[PDB]
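One structure is given below, encoded as structure tokens.
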Amino acid sequence: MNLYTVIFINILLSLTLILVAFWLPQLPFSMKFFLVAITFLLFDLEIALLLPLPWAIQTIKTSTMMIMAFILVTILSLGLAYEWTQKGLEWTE
Amino acid sequence: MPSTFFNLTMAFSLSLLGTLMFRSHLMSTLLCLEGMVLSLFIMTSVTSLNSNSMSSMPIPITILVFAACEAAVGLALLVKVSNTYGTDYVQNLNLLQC
Amino acid sequence: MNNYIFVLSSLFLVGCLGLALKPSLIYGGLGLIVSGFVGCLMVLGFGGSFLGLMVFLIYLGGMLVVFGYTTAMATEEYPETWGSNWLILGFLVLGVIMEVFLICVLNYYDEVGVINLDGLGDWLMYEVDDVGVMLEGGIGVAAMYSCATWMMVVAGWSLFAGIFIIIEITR
Amino acid sequence: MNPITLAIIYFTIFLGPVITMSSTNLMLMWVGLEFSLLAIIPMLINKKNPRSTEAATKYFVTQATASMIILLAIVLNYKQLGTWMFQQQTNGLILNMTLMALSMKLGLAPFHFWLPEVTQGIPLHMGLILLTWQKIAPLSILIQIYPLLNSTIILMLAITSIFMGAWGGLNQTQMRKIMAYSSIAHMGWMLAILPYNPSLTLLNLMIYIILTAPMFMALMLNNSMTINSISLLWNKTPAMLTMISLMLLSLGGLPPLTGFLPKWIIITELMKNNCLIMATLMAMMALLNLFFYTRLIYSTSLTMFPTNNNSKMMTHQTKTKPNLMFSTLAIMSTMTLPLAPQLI
Amino acid sequence: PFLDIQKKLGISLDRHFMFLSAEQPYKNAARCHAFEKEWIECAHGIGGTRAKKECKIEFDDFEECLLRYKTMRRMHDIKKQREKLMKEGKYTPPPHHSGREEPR
Amino acid sequence: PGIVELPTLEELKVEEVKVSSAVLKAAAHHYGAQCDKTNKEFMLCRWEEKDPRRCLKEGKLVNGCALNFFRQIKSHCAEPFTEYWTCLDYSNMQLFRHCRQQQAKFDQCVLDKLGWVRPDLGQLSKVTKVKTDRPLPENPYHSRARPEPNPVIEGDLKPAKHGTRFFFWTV
Amino acid sequence: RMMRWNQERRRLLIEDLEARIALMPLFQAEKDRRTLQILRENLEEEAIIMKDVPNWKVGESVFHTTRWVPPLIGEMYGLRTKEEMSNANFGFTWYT
Amino acid sequence: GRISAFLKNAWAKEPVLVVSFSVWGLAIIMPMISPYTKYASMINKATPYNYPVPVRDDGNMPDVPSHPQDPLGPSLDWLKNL
Amino acid sequence: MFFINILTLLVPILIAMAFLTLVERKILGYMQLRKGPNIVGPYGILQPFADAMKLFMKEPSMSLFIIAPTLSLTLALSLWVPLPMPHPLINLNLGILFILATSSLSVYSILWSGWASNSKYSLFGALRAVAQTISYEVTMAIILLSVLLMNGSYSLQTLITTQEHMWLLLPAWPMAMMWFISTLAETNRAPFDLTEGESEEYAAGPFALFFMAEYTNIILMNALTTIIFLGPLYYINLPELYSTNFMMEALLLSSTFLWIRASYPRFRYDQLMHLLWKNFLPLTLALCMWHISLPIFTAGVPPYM
């Protein structure tokens, strides 16, 4: 109930402000952008994979979590470096 | 649980209809695909947290990642199409029938 | 606040229905964002805090953002609006009436199956560890780092390949 | 497509099915399917021409709907029982949906009107894979779950594929589309036999592959993708005919060749199980496949069509593309009937 | 399965959580652990068609534990009859059900 | 199909402790050893038999022991124990950090007047056998017999007979 | 310093969990007796509620097991009020 | 000499990558070195997030103790002596 | 009670945002050697209300037109809910992830404004700013994912008991040097304010709302820094002291933003995305791996209550 109250309050306050505002007075493509959005996705997915460490760490297979983390990070960096070398981060058309 | 679950399955069926019938666009189809995926992820997480099962939770994450990548390549194809024809319509693909 | 889950469910239904009745994409994306919001709220009401917030952070912030991005930069809502939205709105109304009466019909034949209406609030949580720590979905999703490593490596490879695939496509 | 990308994509394609099979979890199966889909699309769209892009859109859309449907099936099974695997206690609607999806993913009919267009938009060295390393995992899934299937709709689907593929092949000149229809028909034969003895589907698939791959090699040779462009083989390279004719008659399924054996032992099983009527329909409608193979035999070998002068400038040259495995598979297809028992 | 590479190597990658009652991380057992542990033990050593008919007394109970269709219906009929009684004017819910009690 | 047994409200009616969580969490450590035999035996009964309706006579003993424990703590050293929980309950999570120099005092009082010694670190998270007098059952799941395996076929594996038995493809 | 502090935090955690350990048995027994009384009351009422119908039973275990069964909050609080049913379901999930 | 020259160049041209790779190496390498690593697994095994169900004494097992505060069980004193 | 607390949480922060606009004007003037507003009232404590009245006096798809600013402002205000000061209004495990979500969303408003305005000119800058914001929010999230391993819980209370002895800056300053910068991008402040630098559609009212939310996000990110990397003193008897030190450090950061806005030039978009993709992301990944290894080759593996 509490967050409901707070959110309804904030929305109603903003709408009071805007109603006051309204009453008181009376294209081609750029492949680079799509590539950047795609990089953003393929990183958010890594983030979803990577967040759970604060609970995966308190387990007993440290030799496994340490490894898998290094693996994800390094392969992601490899893909990043390949994108760079193949000029996905240059912006000159 | 059963009520909401049947309703989620209905939503999946509706996205199915949305994908299997067009209105002269392609982004609509892809968005209906995303709706399917959302309903599925939800039903799976619900089943898990209702059974109190844990080891089966990685599955929603997996399929969500795969749907992200799938829709990404689909958008790339849509974009190539728009940039080689002039728009993202559907009736332009009258080729290949010969 | 007993009808909570049923309401969220009907709203997700309606979002997917507004996507199936393909409207103008600008007024369909709002339906999709609403759908995601309500589905996450359902998950949360069940108890998957981590999953709900993961959704808010990835689905919306990651996928719908780029959907709108690509759409705008690569689409034009040509004047196909011969009151198409104003027609499919009444069509949606008719469909929702159909569905309301459909459920009011079903509840007669099926009572303890499809839906239990007199006791709807019941039958969401079945058991729970009252005195138990470490029972949140965070642990199940963390599994991948100790057991079920195959999931993590497979997703990693999916991205490792999607990068190359997208770039080799766009050219 | 630089070498690193080429290698990674080929790896993912060789992986998707391996996982889809070696995994006992339906989620991993679906994952391998998505792997194949993704890693393949580029190889289709490399030329970046409009036709390739269109075919890619079609392929991706259909296979996406299919994968999502299979996922729905798996999740319903989860809610029903708890296990991520199929058991003998699943409401048959789920199996029927799984089957519709697997079909649309293969090319069976009436879910098949997307295969010819795509296979016409594609080059050869990718249509080959599309037909011979994407119809495996979807078939392993069935190999796992054959007992509890719906023979009724399986048979209706198979025979529908037979009819429609044959009737379309009577007309299509484009050799790519012809091969596609042949694939449809043979996969129909498989799905027809499947719930009785799976090894026989395995056999039909391996045979269709061994007959297809070398044909596509002989095509890759010249990029001759038309009847009036392949009839000139007797003046460009008069050697491939004595094997192409055989391989096409085989694909038809003429007794002394090997392509017959599958239909033969399949009919045997269906007669043991009292399905002689559909067996008769299949056997009396493979003759149209045989027909539109004979009609290409004619064009190529049994009669010589008007050539084109510059073929002399060609003959002055040489060519050493046609590797050994082509002939090897051609022979181990045509002249291996005496070794059917050692095949079963 | 199809290609028993896993069993050949004597390893496991996915098949250790193929079902419900596998080893959960912090020993938190699932809902129908026992019914699963009995269904599996009856469906082991034998294959398929034997189990689809000689394990029903062990599988229907499981499906009920998992869904509780019959319990839902039981409670539903109870509450329907109770409502009808409080309508006709014959029932009088006591306190322990009506809103208070002397709890622990 | 089948009746269920149950005890009666009028029985199993013992006078509970009704004490607060702060006090329990504060006094626990000593109660970890004092009144440990009974509690361990009860947990063993509950883990062996899944019948709370059979593991009851080991609960009234538990509560009686806990009460005869709080009774000694009421007789001796009461005010240190009251100020203690009033210092704990102030915080939110009721941690043992914000009350250190209000704890050792109570401990030394309890000691100088009684032969208790606050357990050390990691002394309760250890399996300790418990000598009892009642037996252990089998078939606690009330399971049923395991239907017999398939009678195995055996015998020296000699070759085929007359060949593959296939159509005139003798060898 | 971060290390030397994290280790002390782990020690405090062990202390708290040891307290919980020592107290679990009591709580287990209280909870058991409480749910048993709950079911007994549901039964003593069910009797009079559904005695006037044909071929209906009293505490009919829907299984064929004889095994004890963790009961559902549905069963237990199914006759009490929405107040309690929700204070059970959405208690930890609605921020205390 | 070529290596030294290349690094003397990079340490002015593009240090960011140098820092990144050095950090990466340190991370992959130190865990194999330090002595205080296994202690982490020992700890997270000690931490009792659940209840230690006891056992009977129908045998002659002398290891397990009849009481918590007794010394016959697995100790961890090194934890506080750390 | 609760409504009273929400008022205490919403009214004073609007007051502070107004007087923060004021403080900006004054400090920029004093760094450019001029005074700043000293006239409308004593030392300029009425110019903000003057601006409010003026804007609401100015004349001007209604759907987007309204939902965009409303959405942004509501998100910016809700961001405050879960903060500890020292005991929060809403204690939420995963609070910082809720923060990140509700901070990223406003991109939807930025984007709807463009997709409504047919001006190619507008879509140009809209895409540019959206992309930069996205790309910096990525690292804004990874920094937390790499630090919070010090307290094995996404909560925001545990930060305090952690920092009881020491702060979080003496370590992790390779991050603070970033978390104190990305905050200058998500906010579209300087030196990354190109979204307001190159102009060739916000009316008065919606502009007021956008600016309100902008400066609210300023205050809030500065508070997040003061809580995460600059742990205050949590002596349980002095929540007042906690709040006071928090106030001080928040003001300090909010004046540092202004030092910056005055001193530095603006970044060319390409140079900016280069900065991120080729200086911060490699470092960020490597430092995350570093802080992942630290609790393994050191005993410092933290708990989860």
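Per Swiss-Prot, chain E residues shown: 2-105, in order.
According to its header, the structure was obtained by electron microscopy, 3.8 Å.
For all residues, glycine too, the Cβ spot is worked out from N, Cα and C.
Features reported for this protein in Swiss-Prot:
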type	residues	note
DOMAIN	E:30-74	domain 'CHCH'
MOTIF	E:33-43	motif 'Cx9C motif 1'
DISULFID	E:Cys33-E:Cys66	disulfide bond
DISULFID	E:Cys43-E:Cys56	disulfide bond
MOTIF	E:56-66	motif 'Cx9C motif 2'
COMPBIAS	E:79-91	compositional bias 'Basic and acidic residues'
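A simple way to gauge crowding: the CB of E:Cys43 (disulfide bond) has 21 other CB atoms within 10 angstroms, across all the protein chains here. Within the motif 'Cx9C motif 1' (E:33-43), the DSSP-based counts of helix, strand and coil residues read 10 helix, 0 strand, 1 coil. Here the domain 'CHCH' (E:30-74) has long-range neighbours at 20-22, meaning same-chain residues at least 6 beyond its ends whose C-beta is under 8 angstroms from one of its own.
Of E:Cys33, E:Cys43, E:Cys66, listed as disulfide-bonded residues, those near chain F by the criterion of a Cβ under 8 Å from one of its Cβ atoms are E:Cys43. According to DSSP, the secondary structure content of the domain 'CHCH' (E:30-74) in residues is 34 helix, 0 strand, 11 coil.
Working note on the disulfide-bonded residues E:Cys33, E:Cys56, E:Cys66: by count of other C-beta atoms within 10 Å of each C-beta, E:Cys33 ranks first. Comparing E:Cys43 (disulfide bond) with E:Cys33 (disulfide bond), their Cα atoms are 16 Å apart once rounded. On the backbone, the CA of E:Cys56 (disulfide bond) and the CA of E:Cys66 (disulfide bond) stand 15 Å apart. The residues of the compositional bias 'Basic and acidic residues' (E:79-91), classed with DSSP into helix (H, G, I), strand (E, B) and coil, number 11 helix, 0 strand, 2 coil.
The subset of disulfide-bonded residues E:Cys33, E:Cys43, E:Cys66 lying near chain D, with Cβ atoms under 8 Å apart, consists of E:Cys33.
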